[PDB]
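**Student:** show me the folded form of this:
(6 chains)
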Amino acid sequence: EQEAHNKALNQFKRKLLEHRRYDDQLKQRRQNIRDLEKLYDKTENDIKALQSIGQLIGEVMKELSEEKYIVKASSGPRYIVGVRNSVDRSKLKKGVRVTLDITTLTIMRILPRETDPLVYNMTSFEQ
Amino acid sequence: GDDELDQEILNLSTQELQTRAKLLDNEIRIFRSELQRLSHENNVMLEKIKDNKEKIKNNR
Amino acid sequence: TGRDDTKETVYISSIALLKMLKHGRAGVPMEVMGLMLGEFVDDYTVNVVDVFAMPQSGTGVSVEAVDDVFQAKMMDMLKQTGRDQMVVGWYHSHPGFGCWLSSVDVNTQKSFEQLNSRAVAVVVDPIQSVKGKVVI
Amino acid sequence: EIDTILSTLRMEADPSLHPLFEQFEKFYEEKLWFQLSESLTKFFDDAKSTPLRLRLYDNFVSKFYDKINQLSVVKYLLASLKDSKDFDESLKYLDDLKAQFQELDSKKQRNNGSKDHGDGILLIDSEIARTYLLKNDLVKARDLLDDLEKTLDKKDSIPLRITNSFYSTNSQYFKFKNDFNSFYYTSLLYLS
Amino acid sequence: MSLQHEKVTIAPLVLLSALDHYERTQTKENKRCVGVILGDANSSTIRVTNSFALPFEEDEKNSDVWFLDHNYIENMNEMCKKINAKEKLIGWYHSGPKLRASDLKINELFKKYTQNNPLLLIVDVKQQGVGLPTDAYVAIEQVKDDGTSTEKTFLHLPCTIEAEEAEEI
Amino acid sequence: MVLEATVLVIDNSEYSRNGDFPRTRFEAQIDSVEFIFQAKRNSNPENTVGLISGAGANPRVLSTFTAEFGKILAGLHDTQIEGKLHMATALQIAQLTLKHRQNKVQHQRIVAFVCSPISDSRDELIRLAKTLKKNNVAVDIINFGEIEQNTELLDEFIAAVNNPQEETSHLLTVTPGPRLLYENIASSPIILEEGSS
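**Tutor:** Residues are numbered from 1 along each chain as shown, chains lettered A, B, ... in the order given. Please see the structure below:
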């Protein structure tokens, strides 16, 4: 050694490694809570999904009055159903796939038209 | 180490290096508070994962 | 013998009925569950004050779908505000069937009856309350 | 130290304004930095038309940026550059401090747990636009004001100082163009 | 944040609930009750689905002094999240006869949990008037032409009642 | 002692961003909070301590009583350091905080830091101090902000509370110069605090 008080700097060299390894641990855990976050988001979107119920499709077969509509459900038997204020009369028209509820049986919203599962194979084989 | 060694016996005086070490005591005390806070927060977090995923497991 | 030994006439409060229906209606078609909270006076008068629902399952109503965690913890919430009483029974929903206990729920009622022998089961039809009459 | 720079200001000023500077120093030695914010405000009310105001502030940015309050510094910066007849200089100062927060809040927000530096950022942006309006580059000033307005409304709750400075640049712009109508409504917000 | 509170539809369930909690804490003689409001937001109509009581002791020396449990709030919310996951903090109900200016400071506290602008729903437990026992208000910031700076103040919201199909029957 | 519930009032001011103690004063108060907590827990685990702040301009509860120091510590992270503690409102809320617990087997103890020059009217705080003594509440006033530049009004209140009691108020005077606030309070009685019966 140069000095016999470098025996005391061996002790401070030791603390120096500690303080730079606690700086490296604070940004490690902030990277591990960011991992725990995505996995917490990944399962929290599933909670929102599981508590949602399904809807049953029909189409506007015929206007009945103003608020009453004949739909032909994709279950097959026709029903009479209601409207929310979400739809309008002029957004409904015949041959439009509309959703229904399965316990209220009201049109909530307009849907684009159905399309067979078969015919997507045909649009994706040209090879 | 790039501070407080035989490199710094040349560069700086050793009684500055005696006061340097008691300042590294100060800042590792501030960093020690911050580490335990982030452990505690990951302990709350892991159980909020288990909460959500168990529900999924019944439907699975 | 020595008592009236008859099943309570269940007086469901103004709050409760609506709460069970809102709870059940959202879950249609899947079966719903929950507890009735109430108080027991006369040998046949149980007034049901409030309700809380026990979370959903992927196998619907089971004895298994009871979770002591949810039940006790939610109870401890009410405890701090002093609106908890005691569990007088439980409700669950058969919207695919009429009012009567399915094969499973009888064994569930057995366990509940062990704990408290005034335990009732109330079957709610949220799907036949689209009438002017509530089926309960 | 700072005494030697401060002494030059002490000489030029009135003998009745000399004791004020001594008090600034007295607080700095004690390391009471709230007391120092109070003492600095005094000089600026009755002398911001002096160039001694500018000099005083320059030194204090250097030796106080986490010691006296963050707000006080930026508010002083707005005042400082109305007293500067230089506009190139104005741009330099504004950008130094805006850059300085950017790196600084990465360390500062976690270690204390709270102090927001985006409050200063807005006060700074308002001063940039103000400079372009004094330079009379009216196309550049205006398009910076559109961007700033969108940003102000995003922040939920607006300190009155920030929105007071925004309404000043709008007042200046409209009375250069001599739109009497646009001036009138903005100025009711400025007086309120 | 925003104003989207143009309509407030209130489930009848919540009104009945409010009176029940008020009595089961037995807050009388100018004591108050505060509970959370759970429901939807980001819609021009604000839907009041549910409420739950929070423990809240309100002083009698002053109106500026109160106890409110912040830790309690999250626990109530995560449980109810399990029931239905469309419920978030949308405000808090005050059950006083009428409006106070010490509710403004409480409003600010609930602004932390919300991602909307807190609804103060003064649920009257005195059933005064032949019309609604609800007035609604939201705390909003304004300046005004008097010379008044940065006011926080409550703007009345027209009150309406909607109910679900199961609820109504 | 032990079997003691303690409410921490943390002062939030701009006298606590001032150099009085290595770094800022606000950084020292964090270590102090943890030190208090660990002492009371280590002696007996049926000790719980919570934290209220003067942040905002009307004190808010951060954490109720808990055996988890990570809870007290996470809530100190959430702060406003421009807020202002008012003493008269903090004593009243703390009294109500003490009335909100899970079991009433614990003594009533408040430890309030004071970091700002007190500017609340004396006359009112005579009355508050005399309310504590009929609730069997003690209050431990740590002065290192009032010494610095202000008349000593908190001293007279401590004498007012003193009666034969299970827990009785104390005055601890902590030096405002740099001697490590956390070392100083640790050496002052915080677990060997007596009654006066």
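
**Student:** center of chain B, which residue is that?
**Tutor:** residue B:35 (4.3 Å; C-alpha atoms, centre = their mean).

**Student:** how far does the strand or helix carrying that one sit from its chain's centre?
**Tutor:** Residue B:35 belongs to helix B:14-59 when assigned by DSSP states H and E. Chain-centre distance of helix B:14-59: 6 Å, with C-alpha atoms, centre = their mean, to the nearest Å.

**Student:** again, but for stretch F:81-99
**Tutor:** Using C-alpha atoms, centre = their mean, the offset of stretch F:81-99 from its chain centre is 10 Å.

**Student:** near chain D at all, it?
**Tutor:** Yes: Stretch F:81-99 is in contact with chain D by C-beta under 8 Å from any C-beta of the partner chain, via residue F:81. The way it works is simple: take the backbone N, C-alpha and C, and place the C-beta from them, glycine included.

**Student:** distance of residue B:30 from residue D:68?
**Tutor:** To residue D:68, residue B:30 is 22 Å away according to C-beta to C-beta, to the nearest Å.

**Student:** residue F:139 too?
**Tutor:** For residue F:139, the distance to residue D:68 - C-beta to C-beta - is 33 Å.

**Student:** same thing with residue A:50?
**Tutor:** Residue A:50 is 55 Å from residue D:68, by C-beta to C-beta.

**Student:** again with residue F:56
**Tutor:** 23 Å.

**Student:** over to residue A:62?
**Tutor:** Counting by C-beta to C-beta, the gap from residue A:62 to residue D:68 is 78 Å.

**Student:** more crowded one of the two?
**Tutor:** For residue A:62 versus residue D:68, neighbours defined as other C-beta atoms under 10 Å in any protein chain shown are more numerous around residue D:68 (25 against 10).

**Student:** looks to me like the more buried one is in a helix.
**Tutor:** No: the assignment for residue D:68 (DSSP: H, G, I helix; E, B strand; the rest coil) gives coil, which keeps it out of a helix.

**Student:** which residue is nearest the centroid of the chain?
**Tutor:** I went with chain A, as the question did not name one. Centre-nearest of chain A using C-alpha atoms, centre = their mean is residue A:45, 6.1 Å out.

**Student:** other chain: chain F
**Tutor:** residue F:112 (1.8 Å).

**Student:** can I assume that residue sits in a strand?
**Tutor:** Yes: Residue F:112: assigned to a strand according to three-state DSSP.

**Student:** distance of it from chain A?
**Tutor:** To chain A, residue F:112 is 31 Å away according to C-beta to the nearest C-beta, to the nearest Å.

**Student:** and that residue, how close does it get to residue B:49?
**Tutor:** 39 Å.

**Student:** hmm, the longest helix seen in chain A in reach of chain B?
**Tutor:** Longest helix in chain A, counting residues (DSSP state H): helix A:9-50. Yes: applying C-beta under 8 Å from any C-beta, one finds helix A:9-50 touching chain B at A:9, A:11-13, A:15-19, A:22-23, A:25-26, A:29-30, A:32-33, A:36-37, A:39-40, A:43-44, A:46-47, A:50.

**Student:** re the thing from before, dump the residue contacts of the residue nearest to the centre of chain B.
**Tutor:** By C-beta atoms under 8 Å, 6 or more residues apart in numbering or on different chains, the residues touching residue B:35 are A:22, A:25, A:26, A:29.

**Student:** get me the contact residues on chain D for chain B.
**Tutor:** Checking chain D against chain B by C-beta under 8 Å from any C-beta, the hits are D:110, D:111.

**Student:** my guess is residue F:183 is in a strand, correct?
**Tutor:** No: counting by three-state DSSP, residue F:183 is not found in a strand; it is helix.
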